[PDB]
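Text of structure_20.txt, listed as compact mmCIF, C-alpha atoms and all ligand atoms:
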# COMPACT_ATOMS: atom_id res chain seq x y z
CA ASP R 1 38.18 54.34 96.70
CA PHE R 2 41.73 53.78 97.88
CA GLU R 3 41.71 51.11 100.55
CA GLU R 4 42.55 52.55 103.97
CA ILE R 5 46.27 52.18 104.71
CA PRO R 6 47.57 51.34 108.26
CA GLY R 7 47.32 54.22 110.78
CA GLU R 8 50.96 53.77 111.89
CA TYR R 9 51.95 55.69 108.71
CA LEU R 10 49.88 58.71 109.94
CA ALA M 7 75.73 49.83 92.62
CA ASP M 8 73.21 47.02 92.11
CA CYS M 9 70.95 49.50 90.31
CA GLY M 10 68.68 48.65 87.36
CA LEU M 11 68.84 44.89 87.82
CA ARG M 12 65.35 43.61 88.64
CA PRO M 13 65.15 40.78 91.22
CA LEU M 14 62.37 39.12 89.20
CA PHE M 15 63.93 39.64 85.82
CA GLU M 16 67.65 40.34 85.16
CA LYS M 17 68.69 38.78 88.49
CA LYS M 18 66.88 35.52 87.56
CA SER M 19 67.66 35.87 83.82
CA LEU M 20 63.96 36.16 82.92
CA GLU M 21 62.75 38.64 80.30
CA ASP M 22 59.56 40.64 80.57
CA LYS M 23 57.04 40.50 77.71
CA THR M 24 58.18 43.68 75.94
CA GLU M 25 61.78 44.60 76.81
CA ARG M 26 62.81 42.95 73.54
CA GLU M 27 60.99 45.76 71.68
CA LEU M 28 63.40 48.26 73.26
CA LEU M 29 66.52 46.26 72.34
CA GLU M 30 65.19 45.88 68.81
CA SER M 31 64.80 49.67 68.56
CA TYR M 32 68.58 50.20 68.78
CA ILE M 33 68.49 49.53 65.00
CA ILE O 1 48.97 55.68 80.77
CA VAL O 2 46.98 55.72 77.54
CA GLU O 3 46.96 52.73 75.20
CA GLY O 4 49.40 50.72 77.37
CA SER O 5 49.19 47.36 79.19
CA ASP O 6 49.13 45.99 82.76
CA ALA O 7 52.66 45.79 84.17
CA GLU O 8 54.04 42.38 85.16
CA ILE O 9 54.76 41.80 88.86
CA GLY O 10 58.21 43.29 89.74
CA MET O 11 58.59 44.69 86.21
CA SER O 12 59.25 48.18 87.54
CA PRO O 13 60.57 47.81 91.14
CA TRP O 14 61.67 51.46 91.15
CA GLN O 15 58.11 52.72 90.57
CA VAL O 16 56.98 54.91 93.49
CA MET O 17 53.48 56.33 94.18
CA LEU O 18 53.32 59.76 95.81
CA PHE O 19 50.34 59.45 98.12
CA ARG O 20 48.22 62.20 99.66
CA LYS O 21 47.41 61.71 103.35
CA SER O 22 44.29 64.00 103.62
CA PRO O 23 41.97 62.85 101.00
CA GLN O 24 43.94 59.61 100.75
CA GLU O 25 44.65 59.70 97.04
CA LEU O 26 47.30 59.22 94.35
CA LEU O 27 49.15 62.45 93.65
CA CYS O 28 51.83 61.42 91.15
CA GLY O 29 54.41 58.81 90.25
CA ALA O 30 58.06 58.88 91.25
CA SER O 31 61.09 56.57 91.09
CA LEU O 32 63.45 55.03 93.67
CA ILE O 33 67.11 55.80 92.90
CA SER O 34 68.71 54.62 96.17
CA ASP O 35 67.54 53.22 99.51
CA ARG O 36 66.83 56.77 100.74
CA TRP O 37 66.15 58.95 97.59
CA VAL O 38 63.09 59.23 95.37
CA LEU O 39 62.90 61.24 92.12
CA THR O 40 59.74 63.04 90.93
CA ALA O 41 58.48 65.97 88.77
CA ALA O 42 58.68 69.39 90.50
CA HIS O 43 55.12 70.24 89.44
CA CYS O 44 53.78 67.32 91.55
CA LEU O 45 54.95 69.16 94.64
CA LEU O 46 55.03 72.85 93.66
CA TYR O 47 52.65 74.56 91.27
CA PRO O 48 51.77 78.14 92.38
CA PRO O 49 49.37 79.05 89.58
CA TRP O 50 47.02 76.46 91.16
CA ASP O 51 48.12 77.08 94.81
CA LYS O 52 49.88 73.69 95.12
CA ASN O 53 52.89 73.76 97.45
CA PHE O 54 53.35 70.48 99.38
CA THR O 55 55.15 70.00 102.66
CA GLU O 56 56.81 66.71 103.65
CA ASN O 57 54.13 65.98 106.24
CA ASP O 58 51.34 66.14 103.61
CA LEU O 59 52.61 63.14 101.65
CA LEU O 60 53.61 59.53 101.84
CA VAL O 61 55.54 57.39 99.33
CA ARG O 62 54.38 53.89 98.49
CA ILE O 63 57.08 51.64 97.08
CA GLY O 64 56.74 48.06 95.76
CA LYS O 65 53.20 48.62 94.46
CA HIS O 66 51.25 47.02 91.59
CA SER O 67 47.52 47.59 92.36
CA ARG O 68 46.51 51.30 92.38
CA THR O 69 43.90 51.30 95.15
CA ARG O 70 44.58 48.28 97.37
CA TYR O 71 47.00 48.30 100.31
CA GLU O 72 49.42 45.59 99.31
CA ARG O 73 50.07 43.91 102.63
CA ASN O 74 53.55 42.25 103.00
CA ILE O 75 54.65 43.69 99.61
CA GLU O 76 54.52 47.50 99.47
CA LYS O 77 56.34 49.67 101.95
CA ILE O 78 55.05 53.12 102.86
CA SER O 79 57.64 55.74 103.91
CA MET O 80 57.49 59.25 105.32
CA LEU O 81 59.59 62.04 103.78
CA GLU O 82 62.41 63.78 105.58
CA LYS O 83 63.00 66.53 103.05
CA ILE O 84 61.77 67.80 99.65
CA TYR O 85 64.20 69.49 97.23
CA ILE O 86 62.93 71.34 94.15
CA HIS O 87 65.35 72.33 91.35
CA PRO O 88 66.19 76.02 92.11
CA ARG O 89 65.50 76.87 88.46
CA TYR O 90 62.32 74.89 87.96
CA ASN O 91 60.23 77.15 85.66
CA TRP O 92 56.59 76.90 86.74
CA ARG O 93 55.99 80.39 85.34
CA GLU O 94 56.27 79.37 81.71
CA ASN O 95 56.93 75.85 80.38
CA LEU O 96 58.03 73.57 83.28
CA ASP O 97 61.68 73.84 82.39
CA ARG O 98 63.74 71.64 84.79
CA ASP O 99 60.64 69.82 86.09
CA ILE O 100 62.46 67.77 88.75
CA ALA O 101 62.48 67.29 92.55
CA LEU O 102 64.16 64.94 95.03
CA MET O 103 62.59 63.54 98.19
CA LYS O 104 64.76 62.25 101.04
CA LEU O 105 63.10 59.46 103.03
CA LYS O 106 62.94 59.39 106.84
CA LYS O 107 64.43 55.84 106.95
CA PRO O 108 66.18 53.69 104.27
CA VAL O 109 63.65 51.50 102.48
CA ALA O 110 64.45 47.80 102.52
CA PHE O 111 64.95 46.32 99.07
CA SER O 112 63.08 43.18 97.98
CA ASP O 113 61.68 41.35 94.91
CA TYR O 114 59.30 44.32 94.45
CA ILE O 115 61.57 47.18 95.58
CA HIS O 116 64.92 48.00 93.87
CA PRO O 117 66.47 51.28 92.57
CA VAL O 118 66.89 52.31 88.92
CA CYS O 119 70.23 53.58 87.50
CA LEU O 120 70.89 57.17 86.53
CA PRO O 121 72.64 57.63 83.21
CA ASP O 122 76.25 58.62 82.77
CA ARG O 123 77.16 60.94 79.87
CA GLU O 124 78.07 58.02 77.63
CA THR O 125 74.91 55.97 78.27
CA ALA O 126 72.84 59.11 77.69
CA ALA O 127 74.71 59.88 74.44
CA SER O 128 74.27 56.33 73.16
CA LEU O 129 70.65 55.75 74.19
CA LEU O 130 68.90 59.11 73.95
CA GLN O 131 68.42 59.01 70.17
CA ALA O 132 65.33 59.52 67.97
CA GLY O 133 63.89 56.15 67.00
CA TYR O 134 65.22 54.39 70.14
CA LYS O 135 62.43 53.30 72.51
CA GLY O 136 62.01 53.66 76.25
CA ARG O 137 59.27 52.66 78.67
CA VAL O 138 56.90 54.74 80.83
CA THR O 139 54.82 53.41 83.68
CA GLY O 140 52.21 54.74 86.10
CA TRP O 141 48.70 54.54 87.54
CA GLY O 142 47.32 57.67 85.81
CA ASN O 143 44.49 58.16 83.33
CA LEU O 144 43.68 55.50 80.76
CA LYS O 145 42.12 58.21 78.55
CA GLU O 146 42.35 61.98 78.15
CA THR O 147 38.79 62.78 79.31
CA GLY O 155 39.26 55.89 83.41
CA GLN O 156 41.46 54.60 86.23
CA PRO O 157 43.53 51.36 85.95
CA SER O 158 43.28 48.68 88.65
CA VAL O 159 47.02 47.99 88.29
CA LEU O 160 50.25 49.69 87.14
CA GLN O 161 50.31 50.34 83.36
CA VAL O 162 53.24 50.23 80.95
CA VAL O 163 54.00 51.51 77.45
CA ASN O 164 57.12 51.54 75.27
CA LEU O 165 57.62 54.69 73.11
CA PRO O 166 60.18 55.98 70.61
CA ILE O 167 62.15 59.12 71.35
CA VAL O 168 61.19 61.78 68.76
CA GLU O 169 63.49 64.19 66.78
CA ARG O 170 63.73 67.66 68.31
CA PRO O 171 62.29 69.49 65.18
CA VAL O 172 59.22 67.25 65.29
CA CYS O 173 58.87 67.84 69.07
CA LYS O 174 59.14 71.65 68.62
CA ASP O 175 56.76 71.70 65.69
CA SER O 176 54.14 69.65 67.57
CA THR O 177 53.55 72.23 70.25
CA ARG O 178 52.94 75.90 71.06
CA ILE O 179 55.15 75.68 74.18
CA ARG O 180 58.79 76.78 74.13
CA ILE O 181 60.81 73.51 74.42
CA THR O 182 64.25 73.54 76.09
CA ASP O 183 67.32 71.24 76.10
CA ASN O 184 66.07 69.95 79.55
CA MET O 185 63.23 68.21 77.76
CA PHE O 186 62.78 65.50 75.19
CA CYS O 187 59.64 64.10 73.65
CA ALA O 188 58.51 60.54 72.91
CA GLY O 189 55.62 58.85 71.13
CA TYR O 190 54.68 57.52 67.76
CA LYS O 191 54.27 59.80 64.72
CA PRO O 192 50.64 60.14 63.41
CA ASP O 193 50.93 57.50 60.70
CA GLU O 194 53.42 55.07 62.32
CA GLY O 195 50.34 53.08 63.33
CA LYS O 196 51.21 52.32 66.97
CA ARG O 197 49.82 54.53 69.79
CA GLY O 198 50.47 55.30 73.49
CA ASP O 199 51.14 58.15 75.91
CA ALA O 200 51.46 59.11 79.52
CA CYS O 201 48.62 61.24 80.89
CA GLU O 202 47.48 63.01 84.11
CA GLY O 203 48.38 60.98 87.21
CA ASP O 204 51.53 59.46 85.57
CA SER O 205 53.26 62.70 86.21
CA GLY O 206 56.64 62.33 87.94
CA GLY O 207 57.00 58.71 86.85
CA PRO O 208 60.16 57.40 85.16
CA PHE O 209 60.93 57.09 81.48
CA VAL O 210 63.56 54.29 81.53
CA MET O 211 65.70 52.49 78.91
CA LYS O 212 67.50 49.15 79.16
CA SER O 213 71.18 49.25 78.34
CA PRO O 214 72.32 46.75 75.71
CA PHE O 215 75.81 47.09 77.16
CA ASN O 216 75.30 46.06 80.77
CA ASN O 217 71.60 44.87 80.98
CA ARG O 218 70.73 47.60 83.49
CA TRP O 219 67.74 49.90 83.38
CA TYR O 220 68.49 53.59 83.27
CA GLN O 221 66.12 56.38 84.01
CA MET O 222 66.38 58.96 81.24
CA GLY O 223 63.21 60.89 81.64
CA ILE O 224 60.52 61.99 83.99
CA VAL O 225 56.82 62.36 82.99
CA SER O 226 56.31 66.10 82.75
CA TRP O 227 53.61 67.45 80.39
CA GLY O 228 51.82 67.18 77.04
CA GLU O 229 49.00 68.70 75.00
CA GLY O 230 46.22 66.22 75.86
CA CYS O 231 47.05 62.47 75.91
CA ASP O 232 47.76 60.22 72.88
CA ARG O 233 46.55 62.75 70.24
CA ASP O 234 47.84 62.35 66.68
CA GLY O 235 50.79 64.71 65.93
CA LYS O 236 51.26 65.45 69.66
CA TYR O 237 53.90 63.90 71.94
CA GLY O 238 54.56 63.41 75.67
CA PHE O 239 57.25 65.64 77.13
CA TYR O 240 59.81 64.41 79.73
CA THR O 241 62.36 66.03 82.02
CA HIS O 242 65.87 65.17 80.57
CA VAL O 243 67.37 63.56 83.66
CA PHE O 244 71.01 63.42 82.47
CA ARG O 245 70.98 67.19 81.71
CA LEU O 246 70.07 67.82 85.35
CA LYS O 247 72.37 65.25 86.98
CA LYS O 248 74.90 67.76 88.33
CA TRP O 249 72.00 69.12 90.42
CA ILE O 250 70.92 65.60 91.39
CA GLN O 251 74.44 64.69 92.59
CA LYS O 252 74.88 68.08 94.27
CA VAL O 253 71.79 67.49 96.43
CA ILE O 254 72.79 63.94 97.33
CA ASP O 255 76.32 64.98 98.42
CA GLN O 256 74.30 67.36 100.68
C1 LIG C 301 46.52 66.97 79.40
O1 LIG C 301 46.57 68.01 78.41
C2 LIG C 301 45.94 69.23 78.84
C3 LIG C 301 45.35 70.04 77.67
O2 LIG C 301 46.26 70.20 76.57
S1 LIG C 301 45.98 71.41 75.65
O3 LIG C 301 47.04 71.53 74.72
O4 LIG C 301 44.79 71.09 74.75
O5 LIG C 301 45.59 72.47 76.53
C4 LIG C 301 46.94 70.09 79.55
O6 LIG C 301 46.53 70.90 80.37
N1 LIG C 301 48.25 69.92 79.28
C5 LIG C 301 49.29 70.73 79.92
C6 LIG C 301 50.10 69.88 80.89
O7 LIG C 301 50.65 68.87 80.52
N2 LIG C 301 50.24 70.21 82.19
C7 LIG C 301 51.01 69.46 83.17
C8 LIG C 301 50.40 68.09 83.38
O8 LIG C 301 49.18 67.96 83.42
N3 LIG C 301 51.23 67.02 83.54
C9 LIG C 301 50.66 65.68 83.76
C10 LIG C 301 51.50 64.66 83.00
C11 LIG C 301 51.04 64.65 81.57
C12 LIG C 301 49.94 65.18 81.08
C13 LIG C 301 49.87 64.95 79.58
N4 LIG C 301 51.01 64.08 79.26
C14 LIG C 301 51.26 63.44 78.14
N5 LIG C 301 52.37 62.66 78.03
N6 LIG C 301 50.37 63.51 77.08
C15 LIG C 301 51.84 64.06 80.46
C16 LIG C 301 50.94 70.25 84.50
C17 LIG C 301 50.66 71.67 83.98
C18 LIG C 301 50.15 72.54 85.13
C19 LIG C 301 48.64 72.49 85.45
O9 LIG C 301 48.38 71.41 86.37
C20 LIG C 301 47.75 72.39 84.18
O10 LIG C 301 47.79 73.60 83.38
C21 LIG C 301 48.19 71.22 83.30
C22 LIG C 301 49.66 71.42 82.85
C23 LIG C 301 50.24 71.23 78.81
CL1 LIG C 301 51.58 72.15 79.58
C24 LIG C 301 49.52 72.04 77.72
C25 LIG C 301 48.74 73.25 78.28
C26 LIG C 301 50.58 72.49 76.72
NA NA C 302 50.58 61.57 71.94
Target format structure tokens, applied to this file:
Amino acid sequence: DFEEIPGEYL
Amino acid sequence: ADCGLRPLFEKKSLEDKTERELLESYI
Amino acid sequence: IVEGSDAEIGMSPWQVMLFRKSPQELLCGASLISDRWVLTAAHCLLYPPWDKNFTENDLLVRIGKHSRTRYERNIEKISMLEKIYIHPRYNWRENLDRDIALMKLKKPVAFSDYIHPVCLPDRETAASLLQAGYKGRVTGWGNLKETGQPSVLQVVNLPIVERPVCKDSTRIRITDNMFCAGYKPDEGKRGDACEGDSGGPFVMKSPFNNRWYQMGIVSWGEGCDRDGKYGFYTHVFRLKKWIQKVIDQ
């Protein structure tokens, strides 16, 4: 249940 | 360095709710 | 953190979350000690009895955070790691002696209201502050109870405990690279670090210069917040020669 982080960080 | 000085606290001369407890503990 | 409170915004701008890429999850805490260097517990990264041995590419660091789960847009910065360095004499075989690791970041993090390094103690600050009775502060997003997740960063202040009490409280062989902290069974006040807080900083505020110094790292303990037990911390000053050595490169 961690919110998705930006994909730019891999 | 500029280490250990919090922008929102020491740098503004504001105290957090419990840091006083630590100072107090130095008997 | 067990029996602590929500942190204020910016209260701990050196607090770092070690974040797992794969199942995106919290691994440990950590602290920011320059624009390019993060300090953590060795056992967060390397623990062979359980097959844990992280590579740089497995992890991210999240700096400037308050909320555990939410991506904190415009506030937190997420960095990749260049290099992991474990203390050469970290003792995972026995008792977690020298439980300490450094992580070099791929690019310098930019400091802000929510991101700022903590100081590392000199011999004198260590000698004056690291005394039984004197209190420090521990922060993290780990367990609220021993057997339970906070929405935001938690904080607790705890007194350093006398070495004979520390040694008598545990079956583990304690070394000079460790200290313990927490209230004695009757002292009435409670609090402890717990799983998930691991690698986070135990810091003290200097009455001489108003700066916050990191004296300890969350390492281990028998359960969390039990009476007559205490949290155990890596003694950062004792290992500072190694810290400096690595940073000189
Ligand atoms: C959380 O406590 C359980 C049970 O305690 S016990 O005395 O009843 O067995 C535990 O495993 N603790 C072990 C332990 O700490 N740890 C370390 C650990 O999990 N650190 C997290 C940070 C922390 C946890 C408790 N804390 C605290 N301030 N109260 C701090 C890793 C270490 C290695 C393994 O990952 C596993 O065996 C658990 C061990 C120690 Cl060395 C115990 C076996 C002497
Ligand atoms: Na305890």
Using only C-alpha atoms, which residues sit within 10 Å of residue R:10 once same-chain residues fewer than 2 positions away are excluded, as a PyMOL selection string? (chain R and resi 5-8) or (chain O and resi 21-22+57-60+80)
Sorted by chain and rising residue number, which residues of chain O lie within 8 Å of ligand LIG 301 (chain C), and what are their closest atom pairs and distances in Å to one decimal, counting only C-alpha atoms and all ligand atoms, as JSON lines?
{"residue": "O:43", "atom": "CA", "partner": "C:LIG301", "partner_atom": "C16", "distance": 6.5}
{"residue": "O:47", "atom": "CA", "partner": "C:LIG301", "partner_atom": "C18", "distance": 6.9}
{"residue": "O:49", "atom": "CA", "partner": "C:LIG301", "partner_atom": "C19", "distance": 7.8}
{"residue": "O:50", "atom": "CA", "partner": "C:LIG301", "partner_atom": "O9", "distance": 7.1}
{"residue": "O:92", "atom": "CA", "partner": "C:LIG301", "partner_atom": "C18", "distance": 7.9}
{"residue": "O:95", "atom": "CA", "partner": "C:LIG301", "partner_atom": "CL1", "distance": 6.6}
{"residue": "O:96", "atom": "CA", "partner": "C:LIG301", "partner_atom": "CL1", "distance": 7.6}
{"residue": "O:146", "atom": "CA", "partner": "C:LIG301", "partner_atom": "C1", "distance": 6.6}
{"residue": "O:177", "atom": "CA", "partner": "C:LIG301", "partner_atom": "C26", "distance": 7.1}
{"residue": "O:178", "atom": "CA", "partner": "C:LIG301", "partner_atom": "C26", "distance": 7.0}
{"residue": "O:179", "atom": "CA", "partner": "C:LIG301", "partner_atom": "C26", "distance": 6.1}
{"residue": "O:199", "atom": "CA", "partner": "C:LIG301", "partner_atom": "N5", "distance": 5.1}
{"residue": "O:200", "atom": "CA", "partner": "C:LIG301", "partner_atom": "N5", "distance": 4.0}
{"residue": "O:201", "atom": "CA", "partner": "C:LIG301", "partner_atom": "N4", "distance": 4.1}
{"residue": "O:202", "atom": "CA", "partner": "C:LIG301", "partner_atom": "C9", "distance": 4.2}
{"residue": "O:203", "atom": "CA", "partner": "C:LIG301", "partner_atom": "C9", "distance": 6.3}
{"residue": "O:204", "atom": "CA", "partner": "C:LIG301", "partner_atom": "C10", "distance": 5.8}
{"residue": "O:205", "atom": "CA", "partner": "C:LIG301", "partner_atom": "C10", "distance": 4.2}
{"residue": "O:206", "atom": "CA", "partner": "C:LIG301", "partner_atom": "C10", "distance": 7.5}
{"residue": "O:225", "atom": "CA", "partner": "C:LIG301", "partner_atom": "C10", "distance": 5.8}
{"residue": "O:226", "atom": "CA", "partner": "C:LIG301", "partner_atom": "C10", "distance": 5.0}
{"residue": "O:227", "atom": "CA", "partner": "C:LIG301", "partner_atom": "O7", "distance": 3.3}
{"residue": "O:228", "atom": "CA", "partner": "C:LIG301", "partner_atom": "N4", "distance": 3.9}
{"residue": "O:229", "atom": "CA", "partner": "C:LIG301", "partner_atom": "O3", "distance": 3.5}
{"residue": "O:230", "atom": "CA", "partner": "C:LIG301", "partner_atom": "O1", "distance": 3.1}
{"residue": "O:231", "atom": "CA", "partner": "C:LIG301", "partner_atom": "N6", "distance": 3.7}
{"residue": "O:232", "atom": "CA", "partner": "C:LIG301", "partner_atom": "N6", "distance": 5.9}
{"residue": "O:233", "atom": "CA", "partner": "C:LIG301", "partner_atom": "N6", "distance": 7.9}
{"residue": "O:236", "atom": "CA", "partner": "C:LIG301", "partner_atom": "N6", "distance": 7.7}
{"residue": "O:237", "atom": "CA", "partner": "C:LIG301", "partner_atom": "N6", "distance": 6.2}
{"residue": "O:238", "atom": "CA", "partner": "C:LIG301", "partner_atom": "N5", "distance": 3.3}
{"residue": "O:239", "atom": "CA", "partner": "C:LIG301", "partner_atom": "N5", "distance": 5.8}
{"residue": "O:240", "atom": "CA", "partner": "C:LIG301", "partner_atom": "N5", "distance": 7.8}
At a cut-off of 8 Å, which residues of chain O touch chain R? Count all atoms listed in the file and give the answer as a ChimeraX atom specification. /O:21,24-25,68-71,78-80
If we count all atoms listed in the file, which residues of chain M reach to within 6 Å of chain O? Please list them as number ranges by chain. M: 9-11, 13-14, 28, 31-32
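Relative to atom CA of residue O:224, atom CA of residue O:140 is found at 11.2 Å.
Here atom CA of residue O:159 is placed at a distance of 9.4 Å from atom CA of residue O:5.
The coordinates place atom CA of residue O:252 at 10.8 Å from atom CA of residue O:87.
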Centre, x/y/z edge lengths, axis-aligned box for stretch 2-10 of chain R with 6 Å per side, as lines of an AutoDock Vina configuration file:
center_x = 46.8
center_y = 54.9
center_z = 104.9
size_x = 22.2
size_y = 19.6
size_z = 26.0
Determine the nearest neighbour of ligand NA 302 (chain C) from the options O:196, O:242, O:52, O:20, counting all atoms listed in the file. O:196
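Take the candidates O:48, O:4, O:198, O:108 and check each one against ligand NA 302 (chain C) using only C-alpha atoms and all ligand atoms; the shortest distance goes to O:198.
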From the block you just saw, export stretch 140-161 of chain O: N, CA, C and O atoms, as an mmCIF file, in the first residue's frame.
data_model
loop_
_atom_site.group_PDB
_atom_site.id
_atom_site.type_symbol
_atom_site.label_atom_id
_atom_site.label_comp_id
_atom_site.auth_asym_id
_atom_site.auth_seq_id
_atom_site.Cartn_x
_atom_site.Cartn_y
_atom_site.Cartn_z
ATOM 1 N N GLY O 140 11.496 7.104 13.026
ATOM 2 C CA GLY O 140 11.369 6.188 11.908
ATOM 3 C C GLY O 140 9.904 5.882 11.615
ATOM 4 O O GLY O 140 9.012 6.335 12.317
ATOM 5 N N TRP O 141 9.694 5.089 10.574
ATOM 6 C CA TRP O 141 8.375 4.656 10.138
ATOM 7 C C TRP O 141 8.148 3.150 10.393
ATOM 8 O O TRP O 141 7.351 2.521 9.699
ATOM 9 N N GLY O 142 8.851 2.576 11.365
ATOM 10 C CA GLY O 142 8.680 1.162 11.686
ATOM 11 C C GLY O 142 7.465 0.867 12.559
ATOM 12 O O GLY O 142 6.602 1.730 12.787
ATOM 13 N N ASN O 143 7.424 -0.359 13.061
ATOM 14 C CA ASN O 143 6.325 -0.860 13.874
ATOM 15 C C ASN O 143 5.945 0.007 15.050
ATOM 16 O O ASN O 143 6.813 0.425 15.826
ATOM 17 N N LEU O 144 4.634 0.205 15.209
ATOM 18 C CA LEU O 144 4.071 0.848 16.380
ATOM 19 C C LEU O 144 3.984 -0.087 17.580
ATOM 20 O O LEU O 144 3.909 0.370 18.719
ATOM 21 N N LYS O 145 3.995 -1.394 17.325
ATOM 22 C CA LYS O 145 3.961 -2.408 18.392
ATOM 23 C C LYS O 145 4.769 -3.633 18.008
ATOM 24 O O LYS O 145 5.013 -3.870 16.822
ATOM 25 N N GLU O 146 5.186 -4.404 19.010
ATOM 26 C CA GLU O 146 6.070 -5.539 18.768
ATOM 27 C C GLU O 146 5.474 -6.604 17.845
ATOM 28 O O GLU O 146 6.132 -7.033 16.891
ATOM 29 N N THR O 147 4.239 -7.025 18.124
ATOM 30 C CA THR O 147 3.534 -7.980 17.255
ATOM 31 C C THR O 147 2.355 -7.288 16.583
ATOM 32 O O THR O 147 2.165 -7.353 15.365
ATOM 33 N N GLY O 155 -0.445 -1.980 12.433
ATOM 34 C CA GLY O 155 0.697 -1.585 13.313
ATOM 35 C C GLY O 155 1.706 -0.692 12.605
ATOM 36 O O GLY O 155 2.864 -0.554 13.050
ATOM 37 N N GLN O 156 1.278 -0.096 11.490
ATOM 38 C CA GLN O 156 2.127 0.814 10.735
ATOM 39 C C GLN O 156 1.647 2.267 10.880
ATOM 40 O O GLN O 156 0.444 2.528 10.783
ATOM 41 N N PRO O 157 2.585 3.214 11.123
ATOM 42 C CA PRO O 157 2.207 4.632 11.260
ATOM 43 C C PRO O 157 1.882 5.248 9.904
ATOM 44 O O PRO O 157 2.394 4.775 8.884
ATOM 45 N N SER O 158 1.016 6.263 9.867
ATOM 46 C CA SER O 158 0.823 6.971 8.582
ATOM 47 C C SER O 158 1.976 7.944 8.333
ATOM 48 O O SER O 158 2.406 8.124 7.194
ATOM 49 N N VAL O 159 2.479 8.544 9.411
ATOM 50 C CA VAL O 159 3.626 9.446 9.311
ATOM 51 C C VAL O 159 4.819 9.075 10.240
ATOM 52 O O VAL O 159 4.695 8.278 11.182
ATOM 53 N N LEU O 160 5.948 9.736 9.988
ATOM 54 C CA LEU O 160 7.171 9.579 10.751
ATOM 55 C C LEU O 160 6.882 9.727 12.228
ATOM 56 O O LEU O 160 6.180 10.643 12.619
ATOM 57 N N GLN O 161 7.406 8.800 13.035
ATOM 58 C CA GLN O 161 7.269 8.825 14.505
ATOM 59 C C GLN O 161 8.551 9.255 15.225
ATOM 60 O O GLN O 161 9.647 9.123 14.700
#
